[PDB]
Amino acid sequence: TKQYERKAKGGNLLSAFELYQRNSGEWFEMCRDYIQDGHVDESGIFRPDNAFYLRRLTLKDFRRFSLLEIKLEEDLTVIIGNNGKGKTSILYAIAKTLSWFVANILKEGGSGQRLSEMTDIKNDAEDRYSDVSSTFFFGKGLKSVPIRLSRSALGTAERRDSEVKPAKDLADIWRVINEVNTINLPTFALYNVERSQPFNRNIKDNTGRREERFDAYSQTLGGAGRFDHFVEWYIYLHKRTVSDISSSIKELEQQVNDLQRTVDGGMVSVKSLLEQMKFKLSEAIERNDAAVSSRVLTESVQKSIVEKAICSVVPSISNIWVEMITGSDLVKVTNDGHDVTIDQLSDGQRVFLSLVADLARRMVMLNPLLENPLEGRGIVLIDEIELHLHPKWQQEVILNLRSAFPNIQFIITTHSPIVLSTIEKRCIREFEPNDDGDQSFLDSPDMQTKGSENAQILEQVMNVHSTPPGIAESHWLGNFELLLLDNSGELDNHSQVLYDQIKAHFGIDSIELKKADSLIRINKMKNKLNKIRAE
Amino acid sequence: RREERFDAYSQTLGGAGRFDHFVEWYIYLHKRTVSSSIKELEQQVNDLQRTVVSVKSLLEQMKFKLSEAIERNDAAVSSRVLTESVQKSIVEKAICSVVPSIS
Amino acid sequence: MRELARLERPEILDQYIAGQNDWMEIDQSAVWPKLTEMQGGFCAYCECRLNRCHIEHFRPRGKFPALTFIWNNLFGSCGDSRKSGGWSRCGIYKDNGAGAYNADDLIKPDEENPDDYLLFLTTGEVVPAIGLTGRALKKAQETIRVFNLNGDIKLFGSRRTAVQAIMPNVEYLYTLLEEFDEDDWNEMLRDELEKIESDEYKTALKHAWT
Ligand SMILES: Nc1ncnc2c1ncn2[C@@H]1O[C@H](COP(=O)(O)OP(=O)(O)O)[C@@H](O)[C@H]1O
Ligand SMILES: [Zn+2]
């Protein structure tokens, strides 16, 4: 109608799409441009004009939470807290909501994942239902996409229905526009602690489902990724890069031509073989055309992008390649300067490799039209980012991830002060230590964490003392100071004994002893001042 | 899920009469029937909660009884059911009456 | 690093001659007491307390076999290859870790004063001193690089920790400039600088006090 036309011309995406659906060119192009338009930043990074991110989350009577409201950052949000505070619960809630987008991108009227009646309802909920309410943002044209997942407990006084239509409507736009003309699609992924798992060497190259674009959405929100799928896909890419398809077509074309000449020469016995070869040729051309038709990055380029991503983000890995050892295809890595198999990698290296490889695979598959497919949009959830990482790696992990995937919204959980030392306080959401499940609003810490000392973060943010309280020696310097202050700054028999104990235990060049020495010197000087003033 | 009256029609015309289902069901009924106004029960639960270490087991049993009473109260007229203790007794009698050499 | 007062040549270096003799032959317990007199049980290059230690040739024995039993070339460095591998500063790093270097553009602490070239910031870094250009800058920058005086985290961490421990005492003394007269205050600063001869990382502690 005229009203929809006005709103659509005003930049409203839903109105433009509704006009497209009713008339089924201009409206299609508007929708496509809304999704596809962007610019390259001063840093050379592609930036979509219309960003997609989760803005807000509300939990009512969900697991431990009676009521919780969270505002999320467009780029990076880190959730911190003690064990059992519900950090994982928050990520799971988001993942279930995202499942509704994924389901409807794949299939019209596809159903996402529902809340569990057994586990997701708070144990002492008076209303005996749970709600997960989420609000998404998609550019100025679609400032609010509200979604609610609801589940009622078993005793069932009244049914509370989920409200998922907005998710479906938006996902429909992606699906339908993509069907007509290929567009870049958002990546959704959850990496929970289940990402840590043993590598099966037995690479069952299935048939060829791993080459399909929407295999990128297969098991995206399952928590583990599919590192096996990566390996299969990567070997596939390698085999195709070593063998050009057009030469095979040219060779097949030549074979078909030679066989046709033989059939024309009176050898009717080879007619069956000619028909088979013509079929093979047609299939090869179709694959080539489909590849051509899909406007897709060449297999060589895809391989290179992923390899670069892995080597950039994973510090111990300088190179990754496919060997043809004996018969079977093996993925090899240069790890700490040595060529090894994936099964020879440490668990920490493998787990992190798996995360990055999986994510890169999905991004390459979902963003074929971008010069750099890793500059695509999406929302990625990572539980316990520091899982298996040495402190040195914890200092680099967030920087490396954000550099490699500049337009992904990362929502992460951590226990690591070292990780927090690399992040701005605005990105941090902390639970209060004494939270008995009634804290309405997660909040930013008071201290700036980025560039701060680890010891300060431990004390001021994580509420942990710099020295272990259950060790007697942890108290000695404090006690020594108290003794000095009690005896007007003079080193008495008791202070001397403790000093000697500190010296004996920690050593002559220990920090503790130097601090003790400092205390003696300052107290002596203070006393000298006091005497001069008294006289 | 709990039991409900029309589960009696589930797999009635193929898949009925499987030993394992019986044993599981029977043990379940036994556990529930080992060891009554809602307001009175609510009052008893409240009194027991105020007392609460040795009475904790009794409190949990009474909370279960209260929940069951509320559920029965909340449950619809169409899905009216005999107590688990009665159900157990009837099945035991049926088995002992019908099955050769089981007393 | 400190400016070191080299004094007298020990008697055992008279006997052994370059070409014929090797450093494996000479006794090392003969040489130490004069270096311990020179340096004061502290490293020549970083000023840690010596415990694991070795006699270091400033110009190495491979490249310069002339300067093998010469008293000016010898220094007490920290670290000891014989006991435990993987030491990453001073004598051991100059050989192994630091790649190519010109030996001429390094601070030899017996000859030159380090204080003109090096500055010790209380945040823990060693840097070139304010206003060096060309050649003097190159010596300062290469002494820092070749002895790994920042790049060793153990050293950097130990040095920062020590300076940061005394910075209450530095701020408190300079407040009492006003109330005290000059003879009282100059006696106090003399007394604090008296202590730090016996202390680890003395040049870094000096720059904090003065
Ligand atoms: N249905 C529920 N009702 C009440 N509390 C629950 C429920 N499910 C889990 N919890 C509480 O939630 C905590 C687990 O939350 P979780 O997200 O795993 O914490 P973490 O921040 O350590 O990942 C447990 O300590 C438990 O008491
Ligand atoms: Zn040294």
Side-chain angles (χ1 to χ4, degrees), chain A residues 315 336-337 390-396 417-418 421 451-456 458-459 466-467 474 476-478 480-482 484-485 488-491 499 502-504 506-535, chain C residues 40-43 46-53 78 122-124 153-202 204-205 208-209:
Chain A
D336 301 313
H390 185 276
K392 183 133 276 171
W393 285 18
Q394 294 178 19
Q395 284 186 335
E396 296 169 64
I418 296 167
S421 71
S452 297
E453 290 160 353
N454 197 74
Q456 292 298 323
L458 278 168
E459 168 48 25
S466 58
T467 49
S474 298
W476 285 354
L477 185 60
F480 177 77
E481 179 270 1
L482 283 171
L484 274 171
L485 266 68
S488 68
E490 273 54 77
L491 206 61
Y499 180 89
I502 292 170
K503 185 177 180 182
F506 291 104
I508 300 162
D509 294 320
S510 67
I511 183 169
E512 293 80 10
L513 196 66
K514 286 183 184 181
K515 286 177 171 172
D517 290 337
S518 89
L519 288 165
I520 295 167
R521 293 310 269 77
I522 200 164
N523 260 327
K524 280 182 178 178
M525 287 210 289
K526 285 180 80 164
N527 278 338
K528 187 175 272 64
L529 157 70
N530 269 344
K531 281 251 285 294
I532 292 166
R533 197 89 74 66
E535 199 174 11
Chain C
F42 293 121
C43 188
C46 67
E47 307 162 289
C48 64
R49 193 88 74 180
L50 292 163
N51 345 87
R52 296 191 159 81
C53 54
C78 69
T122 62
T123 56
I153 297 166
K154 284 168 183 173
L155 167 57
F156 180 90
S158 306
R159 196 167 52 230
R160 181 182 58 71
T161 279
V163 172
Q164 276 295 302
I166 67 148
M167 287 296 279
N169 304 17
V170 173
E171 182 153 57
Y172 177 75
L173 183 64
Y174 276 79
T175 54
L176 304 176
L177 171 63
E178 287 296 280
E179 332 305 286
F180 293 46
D181 60 60
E182 294 293 359
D183 290 295
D184 281 291
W185 196 90
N186 279 254
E187 200 71 66
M188 289 196 288
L189 191 77
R190 207 144 65 241
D191 286 15
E192 294 302 298
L193 292 165
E194 198 279 294
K195 152 88 174 289
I196 72 161
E197 288 332 301
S198 64
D199 287 16
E200 282 192 308
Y201 321 110
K202 63 185 78 188
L205 297 160
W209 276 112

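The figures that follow rest on heavy atoms only: side chains count, while hydrogens, waters and symmetry mates do not. Every chain is numbered from 1, with letters handed out A, B, ... down the list of sequences.
Here the side chain of A:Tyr499 pairs no donor or acceptor atom with the backbone of A:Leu513 at under 3.5 angstrom.
By the side-chain contact (heavy atoms from CB on, under 4.5 Å) test, A:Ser452 pairs with A:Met447, A:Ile457, sequence neighbours left out.
By the neighbour-count criterion of 12 heavy atoms within 6.0 Å, atom CD1 of A:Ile508 is sparsely surrounded, having that number or fewer from other residues, nucleotides or ligands. The local environment of NZ in C:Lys195 is crowded, with over 12 non-hydrogen atoms from other residues, nucleotides or ligands closer than 6.0 Å.
Contacts between residues 185-193 of chain C and chain A, counted as heavy-atom pairs separated by less than 4.5 Å, involve C:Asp191, C:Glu192.
Contact annotation for A:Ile532: only side-chain heavy atoms (C-beta onward) come within less than 4.5 Å of a heavy atom of chain C.
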Intermediate values then yes/no, side chain to side chain contact (heavy atoms under 4.5 Å, CB included), C:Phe42 and C:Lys202: CA-CA 10 Å; C:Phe42 293 121; C:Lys202 63 185 78 188; 3.8 Å; yes

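Side-chain contact between C:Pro168 and A:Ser518: absent, with no pair of heavy atoms (C-beta onward) separated by less than 4.5 Å.
Each of A:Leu484, A:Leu485, A:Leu477 was checked for a side-chain contact (heavy atoms from CB on, under 4.5 Å) with A:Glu481, and the lone residue meeting it is A:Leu485.
Here A:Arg521 is the residue among A:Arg521, A:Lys514, A:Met525 with the most heavy-atom pairs under 4.5 Å with chain C.
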